[PDB]
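> I would like to see how this sequence folds:
(8 chains)
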Amino acid sequence: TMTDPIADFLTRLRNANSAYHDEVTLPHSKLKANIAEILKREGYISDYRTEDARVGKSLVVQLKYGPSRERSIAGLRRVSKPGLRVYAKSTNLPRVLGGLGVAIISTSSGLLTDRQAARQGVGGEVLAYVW
Amino acid sequence: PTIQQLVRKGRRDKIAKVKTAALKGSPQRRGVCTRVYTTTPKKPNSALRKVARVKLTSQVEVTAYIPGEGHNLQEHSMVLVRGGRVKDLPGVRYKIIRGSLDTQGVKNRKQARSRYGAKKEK
Amino acid sequence: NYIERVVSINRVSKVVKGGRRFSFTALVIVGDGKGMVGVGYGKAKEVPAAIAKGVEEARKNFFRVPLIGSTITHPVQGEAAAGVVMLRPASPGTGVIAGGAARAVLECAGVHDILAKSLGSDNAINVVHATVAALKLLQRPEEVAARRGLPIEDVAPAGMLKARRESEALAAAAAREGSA
Amino acid sequence: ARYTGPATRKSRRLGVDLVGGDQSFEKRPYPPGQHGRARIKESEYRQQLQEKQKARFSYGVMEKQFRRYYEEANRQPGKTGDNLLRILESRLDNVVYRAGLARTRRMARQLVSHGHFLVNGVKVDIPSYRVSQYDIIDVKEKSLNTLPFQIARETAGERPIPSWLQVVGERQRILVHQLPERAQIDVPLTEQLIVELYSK
Amino acid sequence: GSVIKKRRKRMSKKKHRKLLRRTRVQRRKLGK
RNA sequence: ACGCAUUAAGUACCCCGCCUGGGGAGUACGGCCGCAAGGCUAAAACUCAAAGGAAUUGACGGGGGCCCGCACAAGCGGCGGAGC
RNA sequence: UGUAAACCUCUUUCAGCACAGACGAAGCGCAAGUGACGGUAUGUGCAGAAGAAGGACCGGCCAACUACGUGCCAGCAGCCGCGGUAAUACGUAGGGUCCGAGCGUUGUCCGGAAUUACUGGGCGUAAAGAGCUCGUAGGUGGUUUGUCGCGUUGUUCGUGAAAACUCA
RNA sequence: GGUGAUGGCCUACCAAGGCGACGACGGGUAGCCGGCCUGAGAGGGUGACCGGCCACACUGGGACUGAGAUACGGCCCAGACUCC
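Numbering: from 1, shown residues only, chains lettered A, B, ... in the order given. Shown next is the protein structure:
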């Protein structure tokens, strides 16, 4: 069957970047919606939208590619997989690339980027490193 | 390997082969030799190296090489043995440290005296 | 005034029905000591000849590096054909920690305080190529802010910006003592 | 165990003025011996060795005690090379040499060895004492009638006094105000290679 | 893949099996 | 590297099996099963400083394709037979 | 060799000779006593270099080289390996590097060794996918609403003996 | 019943239950820890000194006194070992 939705999401983004496709369509979820909102805020994607399909809803993402076809995203990889659930005390909020990359923490306040998560002081589960 | 496998079986380490069995946690041992003689190493190194067949006090018989070029050593001699690997010989592992209880220091050796047990020139 | 290196001298030989027609190689890594870095792989019967081939090669084939006073921005993983390296930034006062190859690379580039570590394929050829892959992979915060449309504030931390303006004022005063 | 060999020897070996008045150095900068003309192999290791070699032979200390000072230096919160150098310059004998009462580094070592100073009310025959800020180094009582030192205090026109020293004493009373810093020191080889060696 | 490896394997197996033929008897009539 | 490349050896997670230098040895001892043949689990002493994978140049081939030389075939006179 | 040598000088540490001489005791005791360490540590004065340096290595790894004697030998070796009279790799000469009151060897443990790879590895041919399936225990799990706060996460008290480690 | 106290800690009686693949039952080794060594870090090794607990006092058991006893320089018994 399938088991890992977040990894499916990230892999498919990686794949569409790999192919230099312009848009992607996925099945829809509230977690995925928060993810696309956060990524829009941080500036990787241009803009998403929630469309529909035969029985279920759907997310549609529109990527971002530099002017000379410079991909906006180097790579990406999930951290907290099923099996090893990778939690964090706020003392060790993992930075990325001197701090230049981005984490995506899920916390009491919802889905917090690494910086805001540190400022608020609280933290919790990890989902991904991004850069 | 999934973490479930790691949990359920483990990570079985290697073990490094502990060399120098006869000494048994000793740096040196005390020896009373059986035979003192000479034997030739492998085909390229054509020579005739000087060896003894010692009964240490770990109760293990061992072939052991004799450095330098001189020996007052024959049967029954009371000597002291230490560790060191000779390339040339098949299973030789132990050397006799010169200047301990029978082994008289080689003569006119004046460079590198600490290892061969030689007093300094006056 | 360009620093030049020798981190590889191997004695190769084609074989003809007669015998062994010997030969030499050389791997040269050039850098002015300021960030300009290039690599040649010369070869001939004469070691001067091979090394000079590699010299002109690297004089052509330079390459620009994200340097900071004396350290790069951030860590990266450089994987090559067979070699792997883990470049990681140091704090000023560290030294150019590497072996022979990557050390020569980063001393040509003048990075005085940085780390690496060889994780496989110890041969200097592919050590160097993984090193160079890492250096090409280094991305500048200016570039990142530019591409994702957010300022260097939202895109980069505070300690780096401290060091940026610090080394910038140091470089301005350096030029003002040099020329002016 | 203080060194004893010729100052000319290491000088001809590595090729630096450290003594100053070495006409044999000027005459024969090449290394000495039977292969004194012969050629030497280059590397990273040889350079990093030569660094500390020159430094610790300049100042008299030994390898292991230099390593102790190094452990303190990288134990500091500052940075290893230059704070090591500040530590290393904080010595008593080197301070008085740069004050210029003494001719040779050996001579400053010997002066502090023989107890010819008198520091804040205690005899200090300590050739490695560490002098922090605001240390009132007076000199002892019998210091007057040392004849070559009389000539020293009278016509001490040798190598100048640096910035962080001064004498405000008719009795040749030398005082610390600040500590040495590398921008103003300007001494031979810098200690980055030393750091890289000791953290090899 | 080369074949020297499998040759050495084959050799070991043959020789042990031949030994077991020549000792087919005594093992049976000893292991009681 | 050979080569895989929507029937992936790439892209990521889930589960499992499995490996940690070669040889000794998948052997010995002990056990389980087996009518027997024998299968499975499965070491050590001791020893070697390598065993090995992919590709290149050369040579070689009682593998091949294309060719030349009194190389053979044809025609002659000899050696090996005796004397010196 | 080598500024080394003497020899013109200077201070003499540290040892040595002799006198002075301790805090440790707001203590104890109601008694004139109370220091094993201890007449040392510490001083103060006298004579004068007078009483003082050795060890391992040198082809590269690993900074430092040449000559002499033997020449398949005796012998060295941590690895490559060195040696069949012309050795910078054997013993010795001079010389030089390293360290220094220690210097080398030995024995074990960690690292290097991403060489049991949670951080941090692999299985087409290099060692490695059970001969293939069903399936128990177990591990893992689609979308959404509501809920408990068990995990997880935040702070505070309690606790983490002292000694340790590190900063001042 | 028993001890300062809960308690198969012991006693006669009722049921037959319990433990185990998350390793019982066995074997080998070994005192534990604050700590010490190494390491970038994790982690690995390890338990000199000092400090805190456990156990031991020729071998094997038992009880006494007593607030409290493995009662080292106490008792009793059986051994083994040395002396009169």
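> give me the buried stretch members for stretch A:116-131, please.
In terms of neighbour count (16 or more other Cβ atoms under 10 Å in any protein chain shown), stretch A:116-131 has its buried residues at A:117-118, A:123, A:126-131. Using the backbone N, CA and C atoms, a C-beta is placed for each residue, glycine as well.
> among the residues you listed, which lie within strands?
A:126-130 (DSSP state E).
> got those residues as JSON lines, with distance to chain C columns?
Converted to JSON lines, these look like this (distance: Cβ to the nearest Cβ, whole Å):
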{"residue": "A:126", "distance to chain C": "19"}
{"residue": "A:127", "distance to chain C": "19"}
{"residue": "A:128", "distance to chain C": "16"}
{"residue": "A:129", "distance to chain C": "13"}
{"residue": "A:130", "distance to chain C": "11"}
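> related to what we said a few turns ago, report the two of the buried residues of stretch A:116-131 separated the most.
Farthest pair in those (Cβ to Cβ) is A:123 and A:131. Separation: 19.5 Å.
> count the residues that sit near residue C:138.
Residues lying near residue C:138 (other Cβ atoms under 10 Å in any protein chain shown) number 18.
> same thing with residue D:92?
22.
> measure the nearest residue to it once chain neighbours are set aside to RNA strand G for me?
Excluding the flanking residues, the one nearest residue D:92 by Cβ to Cβ, 6 or more residues apart in numbering or on different chains is residue D:129, at 4.2 Å. Counting by Cβ to the nearest atom of the strand, to the nearest Å, the separation of residue D:129 from RNA strand G is 14 Å.
> and residue D:129, what is it in contact with?
D:91-92, D:112, D:119 (Cβ atoms under 8 Å, 6 or more residues apart in numbering or on different chains).
> distance of it relative to residue D:120?
11 Å (Cβ to Cβ, to the nearest Å).
> how about the residues of chain B by RNA strand F?
B:1-5, B:8-9, B:14, B:17, B:21, B:90-91 (Cβ under 7 Å from any atom of the strand).
> mind listing which of those are in helices?
B:3-5, B:8 (DSSP state H).
> show me chain A divided up by domain.
What CATH domains of a matching chain lists as the domains of chain A is A:1-73, A:74-131.
> and the longest one, does that touch chain C?
Read it as domain A:1-73. Yes. Counting by Cβ under 8 Å from any Cβ of the partner chain, chain C has neighbours in domain A:1-73: A:42-44, A:64, A:66, A:70, A:72.
> residue D:176: which of the residues you listed is nearest?
residue A:42 (54.5 Å).
> my read: that closest one touches residue A:111, true?
No. Taking contacts as Cβ atoms under 8 Å, residue A:42 lies outside contact range of residue A:111: 11.4 Å.
> and stretch D:6-21, how far apart are its ends?
Stretch D:6-21 stretches 13 Å from its first residue to its last (Cα to Cα, to the nearest Å).
> so how far is it off the chain centroid?
14 Å (Cα atoms, centre = their mean, to the nearest Å).
> helix, strand, or coil at residue 33?
As the question left the chain open, I've gone with chain A. Classification of residue A:33 using DSSP: H, G, I helix; E, B strand; the rest coil returns helix.
> what's the burial count for residue 81?
This is for chain A. Count around residue A:81 with other Cβ under 10 Å applied: 14.
> oops, chain C please
For residue C:81, using other Cβ under 10 Å, the count is 10.
> and the nearest residue to residue C:141 once chain neighbours are set aside, how many neighbours?
Of all residues not flanking residue C:141 in the chain, residue C:156 sits nearest, at 4.2 Å (Cβ to Cβ, 6+ apart). Look at residue C:156: counted by other Cβ under 10 Å, it has 23 neighbours.
> who touches residue C:156 in this structure?
So residue C:156 contacts A:98-100, C:141, C:144-145 (Cβ under 8 Å, 6+ apart).
> and the gap between it and residue C:68?
The value you get for residue C:156 to residue C:68, if Cβ to Cβ is used, is 12 Å.
> cool, residue A:88 as well?
28 Å.
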